[PDB]
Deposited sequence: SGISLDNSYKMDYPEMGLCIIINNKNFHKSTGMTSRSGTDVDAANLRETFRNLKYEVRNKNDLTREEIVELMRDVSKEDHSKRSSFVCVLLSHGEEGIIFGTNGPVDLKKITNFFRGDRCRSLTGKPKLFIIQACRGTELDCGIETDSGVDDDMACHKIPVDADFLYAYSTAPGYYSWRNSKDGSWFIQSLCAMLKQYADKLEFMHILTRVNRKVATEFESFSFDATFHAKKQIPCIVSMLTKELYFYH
């Protein structure tokens, strides 16, 4: 038994929080092309048999509330839980439409002791958000379990780094994550899929700007896993 049981009646919920427009108070630009990501996410996860729910432009309180609500649902009949967050962010933070929420606040509602119907089951958080402003210039070669266990955080960039979005085909990360799931969910273990997503983002993408500051910039996602088992989407 080296792998999560994925043959529960339901694969589980997949909450997509898609933040595009922010209050004037914050002075944060609108996230153009994000609806592409959300739509691509919704289809990809539907295909994987997840119960998708798309939420748009949530305030920091709306986020907390939604996460509290979901966490209190009964996941007995569910293999896993997925939550995709799409918005501005900083190290450890994502933005509601009105301001900042610590990721840790949203993820704690599911710690193996606050959400018992998800204990021993993979909690997955896909985070498409900046973790800072650093830009990657690139280089050339053209029993009892811990309550913090069974979590996987799939971040779109390294700690401290900016996260790139393309206005037309959505964010580099989400775009690659979806393509790679559609292609390999039936074959590969999740880490291996995410590893391929890493290569795709790292090699196939490069920013374009009239400003040399923001031109030719690279990106590597960051897979953070406290999973205790191999994760296969098929049985």
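- What the model leaves out of the deposited chain are the segments 1 to 5, 148 to 156.
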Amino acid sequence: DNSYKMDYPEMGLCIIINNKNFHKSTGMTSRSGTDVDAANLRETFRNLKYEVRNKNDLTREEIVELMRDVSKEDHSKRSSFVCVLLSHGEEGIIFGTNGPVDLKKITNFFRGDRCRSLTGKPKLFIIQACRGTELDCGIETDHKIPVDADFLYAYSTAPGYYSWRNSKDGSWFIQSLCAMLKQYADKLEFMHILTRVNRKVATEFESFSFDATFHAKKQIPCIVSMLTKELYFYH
From here on, numbers count along this sequence of modelled residues.
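- Gaps at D142 occur in at least a third of the other compared entries of the protein that contain both adjacent residues.
- Relative to one another, 191 to 199 and 54 to 62 have unequal mean CA B-factors, and 54 to 62 is the one with the higher figure.
- Higher mean CA B-factor, judged across 86 to 94 and 110 to 118 from the recorded values: 110 to 118.
- In this PDB entry, the Cα temperature factor of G12 sits in the middle third of its chain's modelled residues.
- When the CA B factors of the chain's modelled residues are split into thirds, the value for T34 lands in the highest one.
- The PDB entry assigns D142 a C-alpha temperature factor belonging to the highest third of its chain's modelled residues.
- In the deposited entry, the Cα temperature factor of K229 sits in the bottom third of values across the chain's modelled residues.
- Among the modelled residues of its chain, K77 has a C-alpha B-factor that falls in the highest third, as given in the PDB entry.
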